[PDB]
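Reproduced below: data06.cif, with mmCIF, C-alpha atoms and all ligand atoms; chains and numbers go by the auth columns.
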```
data_entry
loop_
_atom_site.group_PDB
_atom_site.id
_atom_site.type_symbol
_atom_site.label_atom_id
_atom_site.label_comp_id
_atom_site.label_asym_id
_atom_site.label_seq_id
_atom_site.Cartn_x
_atom_site.Cartn_y
_atom_site.Cartn_z
_atom_site.B_iso_or_equiv
_atom_site.auth_seq_id
_atom_site.auth_asym_id
ATOM 1 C CA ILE A 1 -153.330 64.337 -62.844 0.00 1 A
ATOM 2 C CA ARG A 2 -149.738 63.057 -62.772 0.00 2 A
ATOM 3 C CA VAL A 3 -150.041 61.292 -66.145 0.00 3 A
ATOM 4 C CA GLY A 4 -149.749 64.527 -68.127 0.00 4 A
ATOM 5 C CA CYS A 5 -146.433 65.563 -66.584 0.00 5 A
ATOM 6 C CA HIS A 6 -145.101 61.990 -66.696 0.00 6 A
ATOM 7 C CA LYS A 7 -145.505 61.823 -70.480 0.00 7 A
ATOM 8 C CA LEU A 8 -143.429 64.976 -71.008 0.00 8 A
ATOM 9 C CA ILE A 9 -140.604 63.674 -68.797 0.00 9 A
ATOM 10 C CA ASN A 10 -140.461 60.346 -70.659 0.00 10 A
ATOM 11 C CA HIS A 11 -140.433 61.991 -74.082 0.00 11 A
ATOM 12 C CA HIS A 12 -138.083 61.828 -77.056 0.00 12 A
ATOM 13 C CA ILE A 13 -137.426 65.529 -77.737 0.00 13 A
ATOM 14 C CA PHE A 14 -137.592 66.781 -74.150 0.00 14 A
ATOM 15 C CA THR A 15 -134.761 64.543 -72.926 0.00 15 A
ATOM 16 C CA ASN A 16 -132.578 65.611 -75.864 0.00 16 A
ATOM 17 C CA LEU A 17 -133.027 69.333 -75.179 0.00 17 A
ATOM 18 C CA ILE A 18 -132.198 68.943 -71.487 0.00 18 A
ATOM 19 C CA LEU A 19 -129.145 66.849 -72.416 0.00 19 A
ATOM 20 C CA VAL A 20 -127.802 69.346 -74.962 0.00 20 A
ATOM 21 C CA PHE A 21 -128.269 72.103 -72.372 0.00 21 A
ATOM 22 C CA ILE A 22 -126.104 70.211 -69.866 0.00 22 A
ATOM 23 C CA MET A 23 -123.182 69.794 -72.270 0.00 23 A
ATOM 24 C CA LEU A 24 -123.599 73.434 -73.348 0.00 24 A
ATOM 25 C CA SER A 25 -123.836 74.829 -69.814 0.00 25 A
ATOM 26 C CA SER A 26 -120.444 73.210 -69.202 0.00 26 A
ATOM 27 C CA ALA A 27 -118.930 75.306 -71.998 0.00 27 A
ATOM 28 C CA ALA A 28 -120.135 78.391 -70.122 0.00 28 A
ATOM 29 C CA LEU A 29 -117.945 77.269 -67.209 0.00 29 A
ATOM 30 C CA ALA A 30 -114.815 76.807 -69.344 0.00 30 A
ATOM 31 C CA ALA A 31 -115.006 80.294 -70.898 0.00 31 A
ATOM 32 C CA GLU A 32 -114.744 82.192 -67.601 0.00 32 A
ATOM 33 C CA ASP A 33 -111.784 84.451 -66.861 0.00 33 A
ATOM 34 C CA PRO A 34 -109.934 83.334 -63.698 0.00 34 A
ATOM 35 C CA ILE A 35 -107.725 86.437 -63.388 0.00 35 A
ATOM 36 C CA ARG A 36 -110.039 89.413 -63.941 0.00 36 A
ATOM 37 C CA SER A 37 -112.891 88.969 -61.469 0.00 37 A
ATOM 38 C CA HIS A 38 -114.617 92.173 -62.649 0.00 38 A
ATOM 39 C CA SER A 39 -114.828 91.559 -66.395 0.00 39 A
HETATM 40 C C1 LIG B . -123.627 80.574 -75.123 0.00 101 A
HETATM 41 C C2 LIG B . -122.548 79.975 -74.210 0.00 101 A
HETATM 42 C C3 LIG B . -123.102 79.165 -73.039 0.00 101 A
HETATM 43 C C4 LIG B . -121.591 79.171 -75.107 0.00 101 A
HETATM 44 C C5 LIG B . -120.805 80.172 -76.012 0.00 101 A
HETATM 45 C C6 LIG B . -119.884 80.898 -75.024 0.00 101 A
HETATM 46 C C7 LIG B . -118.757 81.754 -75.723 0.00 101 A
HETATM 47 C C8 LIG B . -118.543 81.204 -77.139 0.00 101 A
HETATM 48 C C9 LIG B . -119.260 83.197 -75.664 0.00 101 A
HETATM 49 C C10 LIG B . -120.031 83.456 -74.308 0.00 101 A
HETATM 50 C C11 LIG B . -119.820 84.975 -73.942 0.00 101 A
HETATM 51 C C12 LIG B . -118.953 85.526 -75.118 0.00 101 A
HETATM 52 C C13 LIG B . -118.084 86.706 -74.823 0.00 101 A
HETATM 53 C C14 LIG B . -118.981 87.862 -74.374 0.00 101 A
HETATM 54 C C15 LIG B . -118.213 89.196 -74.407 0.00 101 A
HETATM 55 C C16 LIG B . -117.073 89.358 -75.053 0.00 101 A
HETATM 56 C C17 LIG B . -116.417 90.720 -75.009 0.00 101 A
HETATM 57 C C18 LIG B . -115.981 91.244 -76.390 0.00 101 A
HETATM 58 O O1 LIG B . -115.345 92.499 -76.259 0.00 101 A
HETATM 59 C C19 LIG B . -115.143 90.198 -77.073 0.00 101 A
HETATM 60 C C20 LIG B . -115.856 88.872 -77.187 0.00 101 A
HETATM 61 C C21 LIG B . -116.333 88.280 -75.863 0.00 101 A
HETATM 62 C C22 LIG B . -115.134 87.769 -75.041 0.00 101 A
HETATM 63 C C23 LIG B . -117.320 87.118 -76.114 0.00 101 A
HETATM 64 C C24 LIG B . -116.672 85.924 -76.827 0.00 101 A
HETATM 65 C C25 LIG B . -117.618 84.724 -77.000 0.00 101 A
HETATM 66 C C26 LIG B . -118.125 84.285 -75.621 0.00 101 A
HETATM 67 C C27 LIG B . -117.033 83.893 -74.669 0.00 101 A
#
```
What's the structure tokens form of this structure?
Ligand SMILES: CC(C)CCC[C@@H](C)[C@H]1CC[C@H]2[C@@H]3CC=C4C[C@@H](O)CC[C@]4(C)[C@H]3CC[C@]12C
Amino acid sequence: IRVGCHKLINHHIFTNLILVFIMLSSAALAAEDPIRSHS
């Protein structure tokens, strides 16, 4: 059934966790070293 997966997508805590992961995955991009490739 597609109803079970639909409820999780349109949830209150699931959409917050995926949103805080997006703004935290960006910080992983800013911390990279551009000079030393092998670090
Ligand atoms: C968890 C991620 C996505 C957000 C936090 C990222 C920052 C705060 C973390 C990610 C990897 C970490 C680095 C991993 C390895 C080292 C080498 C060590 O000799 C000095 C600290 C240093 C340089 C860490 C500093 C903190 C660091 C840059």
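Nearest residue to ligand LIG 101 (chain A) among A:11, A:38, A:25, A:30 is A:25, counting all atoms listed in the file.
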Q. Hey, which of A:19, A:3, A:24, A:8 ends up closest to ligand LIG 101 (chain A)? Count all atoms listed in the file.
A.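 Residue with the minimum atom-to-atom distance to ligand LIG 101 (chain A): A:24.
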**Q.** For ligand LIG 101 (chain A), the nearest of the candidates A:18, A:13, A:28, A:35, counting all atoms listed in the file
**A.**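 Looking only at the distances to ligand LIG 101 (chain A), the closest residue turns out to be A:28.
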Chain A near ligand LIG 101 (chain A) within 10 Å: what's each residue's closest atom pair and its distance in Å to one decimal, counting all atoms listed in the file, ordered by chain then ascending residue number, as CSV?
```
residue,atom,partner,partner_atom,distance
A:21,CA,A:LIG101,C3,8.8
A:22,CA,A:LIG101,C3,10.0
A:23,CA,A:LIG101,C3,9.4
A:24,CA,A:LIG101,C3,5.8
A:25,CA,A:LIG101,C3,5.5
A:26,CA,A:LIG101,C3,7.6
A:27,CA,A:LIG101,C4,5.6
A:28,CA,A:LIG101,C3,4.2
A:29,CA,A:LIG101,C3,8.0
A:30,CA,A:LIG101,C6,8.6
A:31,CA,A:LIG101,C27,5.6
A:32,CA,A:LIG101,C27,7.6
A:33,CA,A:LIG101,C27,9.4
A:39,CA,A:LIG101,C17,8.8
```
Return the padded bounding box of segment 27-32 of chain A as JSON: axis-aligned, built from all atoms listed in the file, 8 Å added on each side, with centre and edge lengths in Å to one decimal.
```
{"center_x": -117.4, "center_y": 78.7, "center_z": -69.6, "size_x": 21.4, "size_y": 22.9, "size_z": 20.8}
```
Could segment 5-33 of chain A be completed with N, CA and C atoms and returned as a compact mmCIF listing (two decimals), in the frame of the given file?
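After the write, out-v9.txt holds the following:
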```txt
# COMPACT_ATOMS: atom_id res chain seq x y z
N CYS A 5 -147.83 65.18 -66.78
CA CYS A 5 -146.43 65.56 -66.58
C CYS A 5 -145.49 64.39 -66.80
N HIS A 6 -145.94 63.17 -66.51
CA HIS A 6 -145.10 61.99 -66.70
C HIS A 6 -144.77 61.77 -68.17
N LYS A 7 -145.74 62.02 -69.05
CA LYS A 7 -145.50 61.82 -70.48
C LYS A 7 -144.42 62.76 -71.00
N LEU A 8 -144.43 64.02 -70.55
CA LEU A 8 -143.43 64.98 -71.01
C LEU A 8 -142.03 64.58 -70.55
N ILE A 9 -141.91 64.09 -69.31
CA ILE A 9 -140.60 63.67 -68.80
C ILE A 9 -140.05 62.51 -69.61
N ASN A 10 -140.88 61.51 -69.88
CA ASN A 10 -140.46 60.35 -70.66
C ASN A 10 -140.79 60.55 -72.14
N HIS A 11 -140.23 61.62 -72.69
CA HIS A 11 -140.43 61.99 -74.08
C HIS A 11 -139.15 61.75 -74.88
N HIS A 12 -139.23 62.02 -76.18
CA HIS A 12 -138.08 61.83 -77.06
C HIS A 12 -137.35 63.12 -77.36
N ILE A 13 -138.05 64.26 -77.38
CA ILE A 13 -137.43 65.53 -77.74
C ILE A 13 -137.11 66.32 -76.48
N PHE A 14 -137.85 66.07 -75.40
CA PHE A 14 -137.59 66.78 -74.15
C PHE A 14 -136.27 66.35 -73.53
N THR A 15 -136.00 65.04 -73.51
CA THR A 15 -134.76 64.54 -72.93
C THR A 15 -133.54 64.93 -73.75
N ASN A 16 -133.70 65.17 -75.05
CA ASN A 16 -132.58 65.61 -75.86
C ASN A 16 -132.24 67.07 -75.59
N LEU A 17 -133.27 67.92 -75.45
CA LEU A 17 -133.03 69.33 -75.18
C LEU A 17 -132.37 69.54 -73.82
N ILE A 18 -132.80 68.80 -72.80
CA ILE A 18 -132.20 68.94 -71.49
C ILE A 18 -130.77 68.40 -71.49
N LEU A 19 -130.49 67.40 -72.33
CA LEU A 19 -129.15 66.85 -72.42
C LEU A 19 -128.19 67.79 -73.15
N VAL A 20 -128.66 68.41 -74.24
CA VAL A 20 -127.80 69.35 -74.96
C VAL A 20 -127.58 70.63 -74.17
N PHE A 21 -128.49 70.96 -73.25
CA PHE A 21 -128.27 72.10 -72.37
C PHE A 21 -127.21 71.81 -71.32
N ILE A 22 -127.11 70.56 -70.86
CA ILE A 22 -126.10 70.21 -69.87
C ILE A 22 -124.70 70.32 -70.46
N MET A 23 -124.49 69.74 -71.64
CA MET A 23 -123.18 69.79 -72.27
C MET A 23 -122.85 71.17 -72.83
N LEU A 24 -123.84 72.06 -72.94
CA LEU A 24 -123.60 73.43 -73.35
C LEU A 24 -123.45 74.38 -72.16
N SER A 25 -124.08 74.06 -71.03
CA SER A 25 -123.84 74.83 -69.81
C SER A 25 -122.42 74.61 -69.29
N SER A 26 -121.83 73.45 -69.58
CA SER A 26 -120.44 73.21 -69.20
C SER A 26 -119.50 74.15 -69.94
N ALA A 27 -119.77 74.40 -71.23
CA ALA A 27 -118.93 75.31 -72.00
C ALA A 27 -118.97 76.72 -71.44
N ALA A 28 -120.08 77.10 -70.80
CA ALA A 28 -120.14 78.39 -70.12
C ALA A 28 -119.19 78.45 -68.93
N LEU A 29 -118.89 77.31 -68.32
CA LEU A 29 -117.94 77.27 -67.21
C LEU A 29 -116.50 77.38 -67.68
N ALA A 30 -116.18 76.80 -68.84
CA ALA A 30 -114.82 76.81 -69.34
C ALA A 30 -114.38 78.16 -69.90
N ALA A 31 -115.33 79.02 -70.27
CA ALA A 31 -115.01 80.29 -70.90
C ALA A 31 -114.75 81.41 -69.90
N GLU A 32 -114.89 81.15 -68.60
CA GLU A 32 -114.74 82.19 -67.60
C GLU A 32 -113.29 82.64 -67.49
N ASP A 33 -113.11 83.90 -67.08
CA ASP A 33 -111.78 84.45 -66.86
C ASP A 33 -111.39 84.27 -65.40
```
